[PDB]
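Engineer: Everything below, folded, please.
(one chain, ligands or ions: 2)
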Amino acid sequence: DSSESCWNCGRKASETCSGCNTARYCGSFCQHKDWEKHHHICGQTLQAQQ
Ligand SMILES: [Zn+2]
Ligand SMILES: [Zn+2]
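Structural biologist: Numbering: from 1, shown residues only. Ligands and ions are numbered 1, 2, ... in the order given. Let me share the structure:
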């Protein structure tokens, strides 16, 4: 676990998952690339989609 780094790039991240406020990324593309994997642990905080 790096200090404020992109979950994919490994360099640096500025954006944060708006759905869980946890995941961090440097861009929209990075979020989409990891998004597929992200759904494995995302969507279990608010529980709206059901
Ligand atoms: Zn990135
Ligand atoms: Zn998320």
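Engineer: how close does the most centrally placed residue in the chain sit to ligand 1?
Structural biologist: Centre of the chain computed as the mean C-alpha position; nearest residue by Cα atoms, centre = their mean is residue 23, 3.0 Å away. Using Cβ to the ion, to the nearest Å, one gets 11 Å for the distance from residue 23 to ligand 1. Yep, even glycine has a C-beta here, placed from its N, CA and C like the rest.
Engineer: Touching, that residue and residue 40? I think so.
Structural biologist: No - Residue 23 is beyond contact range of residue 40, at 11.5 Å (criterion: Cβ atoms under 8 Å).
Engineer: Run a quick neighbour tally on residue 30.
Structural biologist: A count of nearby residues for residue 30, using other Cβ atoms under 10 Å, gives 18.
Engineer: Please tell me how far it sits from ligand 2.
Structural biologist: Distance from residue 30 to ligand 2, by Cβ to the ion: 13 Å.
Engineer: what's near enough to touch the spatially closest residue to that residue that is not a sequence neighbour?
Structural biologist: Closest residue to residue 30 in three dimensions, ignoring its sequence neighbours and counting by Cβ to Cβ, 6 or more residues apart in numbering: residue 8, at 4.8 Å. Residue 8 makes contacts with 25, 30, 33-34, as judged by Cβ atoms under 8 Å, 6 or more residues apart in numbering.
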